[PDB]
Amino acid sequence: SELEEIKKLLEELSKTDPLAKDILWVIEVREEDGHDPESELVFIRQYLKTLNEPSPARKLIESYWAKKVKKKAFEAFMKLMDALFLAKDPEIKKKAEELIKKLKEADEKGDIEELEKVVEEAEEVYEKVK
Amino acid sequence: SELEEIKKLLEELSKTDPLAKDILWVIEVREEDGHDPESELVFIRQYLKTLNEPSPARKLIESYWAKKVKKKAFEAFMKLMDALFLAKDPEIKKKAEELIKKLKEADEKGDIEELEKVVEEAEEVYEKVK
Amino acid sequence: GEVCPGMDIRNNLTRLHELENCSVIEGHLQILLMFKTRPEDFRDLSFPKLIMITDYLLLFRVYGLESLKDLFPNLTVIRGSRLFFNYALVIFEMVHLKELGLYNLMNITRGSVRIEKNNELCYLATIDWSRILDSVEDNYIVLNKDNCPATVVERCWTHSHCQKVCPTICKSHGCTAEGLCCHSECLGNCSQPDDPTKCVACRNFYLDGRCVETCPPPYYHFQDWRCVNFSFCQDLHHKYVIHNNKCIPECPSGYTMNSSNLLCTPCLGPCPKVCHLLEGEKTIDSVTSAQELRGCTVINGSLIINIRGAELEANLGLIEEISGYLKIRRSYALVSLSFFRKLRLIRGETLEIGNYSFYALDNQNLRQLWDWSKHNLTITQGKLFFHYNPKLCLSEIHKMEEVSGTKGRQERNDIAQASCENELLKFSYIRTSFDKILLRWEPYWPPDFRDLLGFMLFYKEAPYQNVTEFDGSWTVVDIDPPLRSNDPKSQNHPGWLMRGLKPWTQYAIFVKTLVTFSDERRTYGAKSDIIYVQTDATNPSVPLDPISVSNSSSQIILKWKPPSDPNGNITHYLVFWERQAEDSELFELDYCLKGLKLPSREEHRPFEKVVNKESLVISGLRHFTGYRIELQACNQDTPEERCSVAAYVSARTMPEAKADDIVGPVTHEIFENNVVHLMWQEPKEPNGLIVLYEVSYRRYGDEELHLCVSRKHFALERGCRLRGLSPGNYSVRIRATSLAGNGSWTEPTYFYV
Amino acid sequence: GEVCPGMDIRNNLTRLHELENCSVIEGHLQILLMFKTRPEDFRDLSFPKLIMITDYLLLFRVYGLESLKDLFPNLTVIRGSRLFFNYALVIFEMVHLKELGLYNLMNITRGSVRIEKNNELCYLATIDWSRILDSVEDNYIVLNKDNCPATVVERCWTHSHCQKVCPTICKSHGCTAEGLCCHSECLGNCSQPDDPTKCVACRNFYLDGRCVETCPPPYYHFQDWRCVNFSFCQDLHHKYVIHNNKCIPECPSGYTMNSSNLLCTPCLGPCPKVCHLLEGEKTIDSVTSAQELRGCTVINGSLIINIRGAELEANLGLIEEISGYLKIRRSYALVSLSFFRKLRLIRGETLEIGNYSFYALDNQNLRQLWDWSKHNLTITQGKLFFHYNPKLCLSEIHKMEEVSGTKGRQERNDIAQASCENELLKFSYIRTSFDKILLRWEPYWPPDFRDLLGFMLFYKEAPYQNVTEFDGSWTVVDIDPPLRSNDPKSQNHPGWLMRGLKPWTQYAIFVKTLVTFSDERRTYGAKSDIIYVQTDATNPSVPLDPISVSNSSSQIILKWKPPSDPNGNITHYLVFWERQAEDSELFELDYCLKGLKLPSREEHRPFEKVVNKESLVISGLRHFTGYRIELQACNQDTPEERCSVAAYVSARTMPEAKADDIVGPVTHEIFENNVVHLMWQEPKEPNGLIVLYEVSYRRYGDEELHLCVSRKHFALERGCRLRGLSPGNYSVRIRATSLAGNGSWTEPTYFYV
């Protein structure tokens, strides 16, 4: 899948860079212990962020994480709209409308962090409907 | 005089060491400005002390300063004894006796610093008699 | 056609009628929650005028839509410049859609389609998204009911209308509705072939019904979509900006505009940026907050500092005026408040309880507040509070009162460990060697002379007179009192020197007194002034990177870089080059050994005082002649010059391939016994030297043969003496072979042998 | 004679009568202020028994003394072991002294005379101090009235008695009163010549009327003067010590004695040293005071710490028990009170006002007090005070209460920013590469989950499990919270890793939570346990310092040192050595060129798993044969071995000067035409190889001559073929010349030519 080609790309980058070598080592050591590669993917992107070094190729690959979260936000939005039209409480409906507006604005600025922070609240609100 | 042979000895040491070279430079720069070489000698011994490095040859030469102060303390003692036998006040006499005992004890321990600190008080007391 | 903005419709199909007079949606369509709607509404409602979107479509719960084709029959391009979650198209959850049907979509410049949870939605596998879309990584399509070119299978939106795929030669440039390749500047489709003025889309930029690569002034870009005159952008801004010929929404960083000059000229680096903190207030306790407010060149709202304890000055020192008050409280590691380079005037518009424009508490580390020798900080109004912070002495607060113009607004109730040196310590003597400096100063005694616990001396390299006393770093060592020294004169003048200091570097020096902390009134002591001393200049380091390249036969260019350690202004480079005779083994031994065994091995050196020329062009040398070069570098000219030890390089001139042959012909004589003697003279300016000469002698009917005549062979035989010669006319050609290589053969020397 | 101690007399000449029964002053004489005395007193008062002093004479204002000779006629030696300001003798200001007169002084082992301000004092230039004294740098003599050997001038104390100078052959060893050289062990003078048992002084050590080099037990030294049995020193000590066979006053540092065992055995490094501070009290505020009390292995008196802010622990951590109370006040920069390694029991005998045995105020940096996991500190009694210092949490004070045994002596009024992590953070996952380590732990959320501001992670190399959490240093980086992650499972487990860590080094790791400082009740957070992680072992560094010395012809010893970076326990060194054939140019070209032009130029390499032997003794090689060596070092044996890349050395065995000659004689044959052909066989184990053989052929009447036969010459001529031979018997000797050098000439080969 897309993760496999991402591993291949990071492998090719590793042949030229140390950072990618460490990334691939992390992927392998998590794989061998029976854990979701995507959880380690988000964690490793977070580690890259906190490192703060430019390291442009690796961060550009991790932009795949931005792609994945951007797709996920669509499902979150759709759930929130379904709840808003079918919410059991008016206050829940107003909160859902506020969350929808926040999601649209966050995408407008193209900010991934706000997208994450808002999809969390989206799932929290969706809990009530189901 | 003794200072000249001390300069020669420090010069010979300098040919082998940097510290002695700096010492000789200090001596020369003080000489050329018309200042007592002995004042700079005491100051340079103090600087060596504060440096705290073993540097045994240089400190061993500076032991000449210990010799000089030890000789000076004899004159200080003699003045104090003359004052004690010819002091105008009983309290001055008791203070002179205390200072004489302190001088003897300080020499007994062979401590130069106490010798300096006590010869200062010796001159202070001798001021009153004259 | 006519242009419009972009709008979204919700549960009111009435609004949809507004697109009848529309041709392009300068934005994104949107339809959702059409529950009130019924199939009787949209079965024939159409708006064919629409021809191109710019951001994205969408649909949702559209009850009644039988075929989307009934709405946008002519829709051709979805620029997808702005994406709805990286999705250009988005269909979702309509049960009445039998088929998309739209038979004119011809490109999706960005994003990817997305269709899901739709019943009765047919004709999906028959839509060749690879041909239309540009990237098909995620055409997410699930939970659905699922003549013209086939790719194993025919592709068609409807059995009545297929995909409008045309020959690949048309490329993305597009092709007519009839399937004819169009002009390159066109996209999707063209009403006429090869006519940029007759197509609907435009790959680069539309213009007045013509497909073009840029807009002409005063018509600049516009959201990389179309071309509009300046007045359009001006009117939009009045209610936008101008930059790089692009009427973009807002200018980038490091730029700003003027109302009259719409174009945003570059600012002065820090551009005016008023920051309205949360409720016009905030608290700072960690570098995170400072970074969150990084670069606020201007501020509007009071700020409160309560921080634990360079980075702050990077995130601070950006504001000239703070609208509200500033407060420091409990930040007990504030060495000084000089993190506010720009701070000039506390406006004090927002005043703290009690009408205070400043506040300091529980911060007994404030060594100082600002460099008041220069800092012209002002305050509009407001009281001040500095309780529980008497570590800074009241003189600094008085300076606050004067410089801030708050003389009639302060009281001693604003102040409460105190270490203000009430006396001054004057240096009495300082001398400078090339790496060591002497120090002496007056022998300060506190009134309780017993208290003194030895002076403290600090220094640091100061290439420029900045000095940040009380900031931190630097500071090195301490001294002890000399001795009481009794009375008049002969106090012994306590002093100290340093050893390891680099030559020719300004040094900032000052000495403070470390006196016992007497709880009662303490004679704080003397704090010497801050002085700058620059050590002497020693001989420099050797000049570095000397390379004696050769640019011409008799000319040499020597390139060298400044010495690694100048240790003194480099007055002028002194360069000595000398010609070196070849090695004795290269001038005595024989060099004609067949199977060449050629050995592979006042002194006013002509000199010039090269000044500032790091690479010299030496002249007057001899091609390929031995030369010993040298690079003397000095940082002192008129007196005894401190010319450091020179580097060396034995450059060899590049050879001349004219002054390496046998100048002139070869002298010779003949003998009656079939013996011929040869003679010649070598050039006096060879390529360094000519050690061997290549001979070549021929007879008519015979062939040329070569013999070697070395310098030893030359001297012994006065040249050469050929033996074993057959009768007949002869011909001899000789080429000198210097160390550079073979030169030129001599003129054919003819005789009889 | 009889021995006495040393005493000084003042203005009471009566006391002087006590020396009639004296022979040696085990101390220093002294006379001064004899104003009451008159010339009628001392004109004839004498004490000739005195024969030697040990420290120094003196005089002052002695009114009446006509000639000092009348007092000490026999005084001979002033040891000057103890000096009155580096002055052995000291005369001063007596107007009645016509002449010193003492005509027996014969040595001043130390110091220098000093005479001044004396009227009528004659006979000064006539005293050859150079002869008597040992160093005459300062015989300070000023303000004075000023037959036998002369040194231009005769030297004499008095016209009636001169200096007792004798021939130099007597040396400092001394000479009789009549001028005869004495035994070497004697000094100054001897009653009999060459008799150590008949002299007054003793250069090394007196003993029972003899001159000897040491005392015999039980009679040891005594102030480097005489010899006394053990009981003497014991009685003196009862009212002294024993050490190094020297009954010295007090033993040196790092030593101590027992009442029964007078000898001071070495102590345990820190010897018991009770320190009674000034009035049994003191204050510490600077490193100077700590240094002034450095090394006080025990204390007696309360100590107060009021200090600003390793060195302290160097000067502190020496005491097990403090008689008085300990107090810390206002020392704001006390990270923790663990500078007292030894401190075990505050005796609390001296109690503070209110009966307090401890006190802490205005010190809000006390992260901790002691490593209470181990430190068995105790307290005898007394209350405690910790107000205004709640930076340490009350749990630590409770631990104080339990361990100190003060449960019934404390109240909450002893305590007042609080940052005690009430929760615990458990690591969930850690893996170790050779230089990088992973970290994961439970996702702690405070009850106000919004508050969390990212975890903080610390680590440092810990070769031994010491860990000084809260001391300082170390500490590296921080992390941010992953995300809320909503609810059950999939919390994302916040983590972090490091990259640049050296292999095979224990690492101490722990993570603490950096939570917002909420002024209200703060859920301080979780402070993870401290864990030790050791990274993996990578391949080592190359073995270092390999030197292939040769100890025997066919044997080689190779010495190498451990690799600079073991990076793993070196299981065993793997050594590969291979024999290398000589260079092709050293085996093909000719090597008989006169004026020698000798060119100056599975693979189971025999291997052994040398274990712990850093220098190998290789065996089985061939003398002076080419050999390629290689040093493989590994830190892993049974599994895939991480054998680092080897170093290299091409050792050459030392040659054999037996296996380099022509083994056996030289085969030959003769021809009738004065031609002789030679033949031979080279040894099969030469010194690497034999390239040329030195020939030497002689005829009777003629002389031996040498010819060179190379391998090519050998093959072409099947050896050698001599030509141009005169009739007569011949003799040929040939020596092989391997690369090592010439071998041995062959047996004289005889034939006719």
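Residues numbered from 1 in each chain as written, not as in the entry; some residues may be left out. Chains lettered and ligands numbered in written order. Heavy atoms only, no water.

Identification of chain C as Isoform Short of Insulin receptor from Homo sapiens is taken from the PDB entry. Of chain C, the UniProt comment under Catalytic activity reads exactly: "L-tyrosyl-[protein] + ATP = O-phospho-L-tyrosyl-[protein] + ADP + H(+)". The heading Sequence similarities in the UniProt record of chain C holds the text "Belongs to the protein kinase superfamily. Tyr protein kinase family. Insulin receptor subfamily." (UniProt positions renumbered as here; feature names shortened; annotations may be inferred.)

If you check the PDB entry, chain A appears there as De novo designed IR agonist RF-405 from synthetic construct.

Draft legend 1. Representation of the interface of chain A and chain D in the model. Between chain A and chain D, the contact holds 18 residues from the first and 18 residues from the second. Buried area between chain A and chain D, summed over both chains or domains, comes out near 2,000 Å², and the portion from carbon and sulfur atoms is 56%. The interface formed by chain A and chain D holds three salt bridges in total. Of all the secondary structure elements, the ones that give two or more residues to the side of chain A that touches chain D are α2 (18-31), α3 (37-51) and α6 (112-129) of chain A. Per-class residue counts for the side of chain A that touches chain D are seven nonpolar, three polar and eight charged. (Contact = heavy atoms within 4.5 Å. Buried area = accessible area lost by both parts, 1.4 Å probe. Salt bridge = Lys/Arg side-chain N within 4 Å of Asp/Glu carboxyl O. Helix = DSSP H or I, 4+ residues; strand = E, 2+ residues; numbered from the N terminus. Nonpolar A, V, L, I, M, F, W, Y, C, P; charged D, E, K, R; others polar.)

Draft legend 2. Quick look at the state of the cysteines. Scanning the entire structure with this criterion turns up 30 disulfides over all chains. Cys186 of chain C shares a disulfide with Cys199 of chain C; S-S distance 2.0 Å. Taking the torsion about the sulfur-sulfur bond, which here is approximately -75°, the covalent link between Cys186 of chain C and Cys199 of chain C counts as left-handed. Here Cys186 of chain C is found in the loop between β9 (141-144) and β10 (205-207), whereas its partner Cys199 of chain C is found in the loop between β9 and β10, with 13 residues between them in sequence. Among the residues examined, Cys186 of chain C registers a relative accessible area of 1% and is labelled buried. Each disulfide pairs two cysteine sulfurs, and for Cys393 of chain D the partner residue is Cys420 of chain D, the sulfurs being separated by 2.0 Å. There is no split in this pair, since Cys393 of chain D and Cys420 of chain D are both buried. In this model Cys720 of chain C remains outside any disulfide bridge; the closest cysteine sulfur is found in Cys592 of chain C, 9.0 Å from its own. Judged by relative accessible area, which is 0%, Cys720 of chain C ranks as buried. (Disulfide = S-S within 2.5 Å. Buried < 20%, exposed > 50% of the residue type's maximum accessible area, 1.4 Å probe, protein only.)

Draft legend 3. Main features of the UniProt feature "disulfide bond" in chain C. The sulfur atoms of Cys275 of chain C and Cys296 of chain C, a pair UniProt annotates as disulfide-bonded, sit 2.0 Å apart here, close enough for the bond to be present. Of this pair, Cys275 of chain C sits in strand β12 (residues 274-275) while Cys296 of chain C sits in the loop between α4 (287-292) and β14 (298-299), and the two are 21 residues apart along the sequence.

Draft legend 4. The arrangement of the sheet that holds strand β33 (residues 627-634) of chain C in detail. All names here are of chain C. One open sheet holds the four strands; their spatial order is β31-β30-β33-β34, and the pairing between them is antiparallel. Each having just a single partner strand, β31 (607-610) and β34 (647-649) make up the two edges of the open sheet. Sheet twist, expressed as the average angle between the axes of neighbouring strands with direction ignored, equals 20°. Bridge count between β33 and β34: three bridges; the pairing is antiparallel. In the sheet register, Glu630 faces β34, and the bridge partner there is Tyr648. (Pairing = 2+ DSSP bridges. Axes fitted to C-alpha atoms, helices over the stretch in contact; angles between N-to-C directions.)

Draft legend 5. Structural context of the layout of surface pockets. Residue and element names in this part refer to chain A. What the second largest pocket holds in volume is close to 1,200 Å³. Residue lining of the second largest pocket: 40 residues in total, with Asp36, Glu38, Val42, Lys68 and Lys72 positioned closest to the centre. Each residue belonging to the lining of the second largest pocket can be placed in one class, and the counts come to 14 nonpolar, eight polar and 18 charged. (1 Å grid on protein atoms, 1.4 Å probe; cavity = no way out; pocket = protein on both sides within 12 Å on 5 of 7 lines; lining within 4 Å. Points joined across faces, edges and corners; volume = space filled by probe spheres on them.)

Draft legend 6. Spotlight on the packing of aromatic side chains. All names here are of chain D. The full count for this structure, using the stated rule, is 67 aromatic pairs over all chains. Relative to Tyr573, the ring of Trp560 has its centre 5.4 Å away and its plane inclined at 70°; by these criteria the two rings are edge-to-face. With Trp560 in strand β29 (residues 556-561) and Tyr573 in strand β30 (residues 572-579), this residue pair connects regions lying 13 residues apart in the sequence. Relative accessible area serves as the criterion here: at 0%, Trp560 is assigned to the buried category. Owing to a relative accessible area of 5%, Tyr573 belongs among the buried residues under this scheme. (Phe/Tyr/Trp six-rings, centres within 6.5 Å; stacked < 30°, edge-to-face > 60°.)

Draft legend 7. Seen up close, the sheet that holds strand β6 (residues 77-78) of chain D. All names here are of chain D. Overall, parallel pairing links the five strands, which are arranged β1-β3-β5-β6-β7 in an open sheet. Of all strands in the sheet, those with a lone pairing partner are β1 (3-5) and β7 (107-108), marking the two edges. Bridge count between strand β3 (residues 24-26) and strand β5 (residues 52-53): two bridges; the pairing is parallel. Residue pairing for β5: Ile25 is matched across the bridge by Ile53.

Draft legend 8. Highlighting the domain arrangement of chain A. For chain A, the assigned domains are domain 1 (2-53) and domain 2 (66-129). Placing the centre of domain 1 of chain A and that of domain 2 of chain A at their C-alpha centroids yields a distance of 29 Å. (Domains from an automatic or database assignment.)

Draft legend 9. Representation of the side chain of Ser336 of chain D within the structure. Residues and elements named next belong to chain D. The topology assignment puts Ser336 in the loop between β17 (326-329) and β18 (345-350). Only 2.6 Å separates the side chain of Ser336 from the backbone oxygen of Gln368, close enough to count as a polar contact. If sequence neighbours within four positions are ignored, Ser336 has contacts with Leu366, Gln368, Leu369, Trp370, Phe470 and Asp471. (Polar contact = N/O pair within 3.5 Å; in protein donor to acceptor, adjacent residues only side chain to side chain.)

Draft legend 10. Fine view of empty space enclosed by the protein. In this structure, the largest cavity encloses a volume near 100 Å³. Lining the largest cavity are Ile9, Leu13, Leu16, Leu29, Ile31, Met34, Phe42, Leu59, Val62, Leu65, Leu71 and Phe72 of chain C.

Draft legend 11. View of helix α2 (residues 18-31) of chain B. In this model α2 of chain B runs 20 Å from its N-terminal to its C-terminal C-alpha over 14 residues, within 8% of the 20 Å that 1.5 Å per residue would give. For α2 of chain B, every residue scored as buried is listed here: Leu19, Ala20, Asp22, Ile23, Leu24, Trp25, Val26, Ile27, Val29 and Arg30 of chain B. Turning to α2 of chain B, the residues buried within the fold contact α1 (2-14), α3 (37-51) and α4 (56-86) of chain B together with β21 (427-429), β22 (437-441) and β25 (495-498) of chain C. (Expected span 1.5 Å × (residues − 1).)

Draft legend 12. Main features of the pairing of strand β40 (residues 729-738) of chain C. Residue and element names in this part refer to chain C. Taken across its ten residues, β40 has eight buried, putting it largely inside the fold. In terms of strand pairing, strand β37 (residues 690-699) meets β40 through nine bridges, oriented antiparallel. Paired with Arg698 across the strands is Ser731, a residue of β40. Across two bridges, the pairing between β40 and strand β41 (residues 742-745) is antiparallel. Bridging from a neighbouring strand, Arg735 pairs with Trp745 of β41. The turn linking β40 back onto β41 is made up of three residues, and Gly741 within it adopts a positive phi angle of 155°.

Draft legend 13. Just the environment of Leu268 of chain C, in detail. Residues and elements named next belong to chain C. On the secondary structure map, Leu268 appears in the loop between α3 (230-238) and β12. Among the residues examined, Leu268 registers a relative accessible area of 70% and is labelled exposed. Taking C-alpha positions, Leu268 is 18 Å from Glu250, a pair spaced 18 residues apart along the chain.

Draft legend 14. Here's a closer look at the interface of chain D and chain B. Taken together, the contact pairs 17 residues of chain D with 16 residues of chain B. It is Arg82, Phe85 and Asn86 of chain D in chain D that bury the most area against chain B; as a group they hold 37% of the surface buried on that side. The tally of links from chain D across to chain B stands at three salt bridges. A salt bridge links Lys67 of chain B to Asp138 of chain D; the shortest N-O distance between them is 3.4 Å. Between chain D and chain B we count four residue pairs in polar contact in total. Residues of the side of chain D that touches chain B, tallied by class, amount to nine nonpolar, two polar and six charged.

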